[PDB]
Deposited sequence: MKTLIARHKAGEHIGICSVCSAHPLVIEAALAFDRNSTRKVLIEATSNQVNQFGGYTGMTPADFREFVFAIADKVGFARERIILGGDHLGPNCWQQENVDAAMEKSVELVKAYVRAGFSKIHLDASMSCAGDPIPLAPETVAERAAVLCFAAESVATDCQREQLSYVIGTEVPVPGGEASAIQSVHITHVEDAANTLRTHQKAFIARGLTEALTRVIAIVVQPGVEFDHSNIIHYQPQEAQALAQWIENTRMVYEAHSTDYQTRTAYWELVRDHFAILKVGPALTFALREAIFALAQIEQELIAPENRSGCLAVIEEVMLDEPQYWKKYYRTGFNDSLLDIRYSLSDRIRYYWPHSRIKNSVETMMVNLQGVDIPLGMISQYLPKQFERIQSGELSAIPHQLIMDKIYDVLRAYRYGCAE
């Protein structure tokens, strides 16, 4: 959103949390969390999650829109308060193909997103395809981005075009804090590639550049933002119309989010942390169900989750450790959150629902909430929350959204 960024550029401490999750409960929580505020909610898909072929979620951009809208309707959240975004749009998942074929799919990808009413468009053709040199000449990155912007602008209706915002650049190094001269060079070459295609107006719609401010996580480690080390970057962006977008901002302290927004990292992408919180809720509720529910009725859902992930290891296998118990500890507790790819699995969905139905039929003792969901227990104590399983899950996800809101709001 242009107005929010303009308020930031005029010196207001304000940022936006970009929700990068396809999980329906996470999207429900994101929308519910702001139901009674006036803030816009930003939800973004990656070209892998959703594209013209359905990505891996079986959703086209049009599908994803209606999916989010249907959740919004159920919540009571006005569809117009929703910003939809495309993350890392470009040849990303057609990387193994030659330039022509990957760039043909990328053009139709950008067009699919734009036609579906996605207004925030991240253009990223920094990856080398088959036959390409490694790495790309920075001029080649820019040119390919201009081709993608040209495609967006050409399918846009007049109304959509004026509302389109472009993000450029990538967090991927060609943790290493981005050099100001590389960010400068990324802008300069995008400028030049845009002008070479007559994209003079579209260039004023490039609102953000992606940099690495010094944040990351892997399995059991967080790289905490160090403001002193990002001051050069922070200062460079001030003499532009743009803000920074930061990726992989998950698991930072609420102080860091505030510092980040102060230092002009005003669009903060979150994802794993949201489903990580959801998963902690499900695990907590499953432990509760194991003791509270009669043995013939228990869902067995933790055993189901584990079995599925062990037999279809493809989404986790390249991330986790080899030792057997180490792999289970990772499957369960890694900040990386590779479990997020398995919630759609039919066995997992069925057993989690069985669990939910079971727990909705009985009052959960307060002491079990204190044990397994302590922060929810305290909110129940203060009369702000009920012991309803669905609300306990929401609240778990809200706590992630609360950390961001502290950073992004006044």
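*Asks:* Identify which parts of the deposited sequence carry no C-alpha coordinates, going from the N-terminal end onward.
*Replies:* The deposited sequence has one unmodelled segment, at 175-184.
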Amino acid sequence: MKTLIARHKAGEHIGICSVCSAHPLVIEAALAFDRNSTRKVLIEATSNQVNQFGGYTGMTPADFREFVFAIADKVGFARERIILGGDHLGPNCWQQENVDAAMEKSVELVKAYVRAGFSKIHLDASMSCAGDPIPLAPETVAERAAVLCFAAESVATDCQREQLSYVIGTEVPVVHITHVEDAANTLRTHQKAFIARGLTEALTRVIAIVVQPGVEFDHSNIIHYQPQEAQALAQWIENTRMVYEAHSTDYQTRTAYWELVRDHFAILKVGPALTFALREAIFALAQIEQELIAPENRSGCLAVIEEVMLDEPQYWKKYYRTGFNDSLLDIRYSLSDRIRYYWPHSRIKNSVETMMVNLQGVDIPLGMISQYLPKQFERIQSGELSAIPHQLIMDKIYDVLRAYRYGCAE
From here on, numbers count along this sequence of modelled residues.
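*Asks:* On average, which has the higher Cα B-factor in the deposited entry, 237-245 or 92-100?
*Replies:* Averaging CA B-factors over each stretch, the winner is 92-100.
*Asks:* In terms of the chain's CA B-factor thirds, is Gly54 lowest, middle or highest?
*Replies:* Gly54: CA B-factor falls in the highest third of its chain.
*Asks:* Could you tell me which third, lowest, middle or highest, the C-alpha B-factor of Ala137 occupies within its chain?
*Replies:* CA B-factor rank for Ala137: highest third.
*Asks:* Against its chain's modelled residues, does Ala32's Cα B factor rank lowest, middle or highest third?
*Replies:* For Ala32, whose C-alpha B-factor we compare with every modelled residue in the chain, the answer is the lowest third.
*Asks:* Could you tell me which third, lowest, middle or highest, the C-alpha B-factor of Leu401 occupies within its chain?
*Replies:* It falls in the bottom third of the chain.
*Asks:* What third of its chain's C-alpha B-factors does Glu229 belong to: lowest, middle or highest?
*Replies:* Top third by C-alpha B-factor.
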